[PDB]
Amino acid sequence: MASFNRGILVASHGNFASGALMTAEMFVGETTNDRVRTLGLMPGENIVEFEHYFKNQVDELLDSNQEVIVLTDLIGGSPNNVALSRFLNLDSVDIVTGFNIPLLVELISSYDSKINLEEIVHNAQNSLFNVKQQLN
């Protein structure tokens, strides 16, 4: 079976993650399940059920990709807490929190390529900005 370079899991409380993917696909085209997945921790769901769904999404992406980047909505959220505890020392799994559309788009566009992740992250930070201030 194919082992691609890099899978992406986008995870959040609520609908942030699936909505981000939907929007990203408007720019980069439809993705498939062996490369990109989302997971939302919904109102009324507990972290016990969520936890193993999460673990399963990352494990399954690793069957098809050499590495996985987990994008989470914010630091100290449950998706981020779970990701860090479950995959703390697994070097093939990266965790970037506070993601925006520019990060997600760039990671999808480059997932069959070599990347510099620090540079991608740095550019995604710089993509969040006050537009009148910056355009003068």
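We number the residues from 1 along the sequence you see.
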Point to revise | 93 to 101 versus 45 to 53 - greater average Cα B-factor per the deposited record | key: 45 to 53
Review point. So where's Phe87 on the chain's Cα temperature factor ranking, which third?
Key: middle
Practice item. Would you please rank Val36 by its C-alpha temperature factor against the other modelled residues of its chain and give the third it falls in: lowest, middle or highest? Key: lowest
Point to revise | Ranked against its chain, the third holding the CA B-factor of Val70 | key: lowest
Point to revise | Ranked against its chain, the third holding the CA B-factor of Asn136 | key: highest
**Study point:** Among modelled residues of the same chain, the CA temperature factor third for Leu62
**Key:** middle
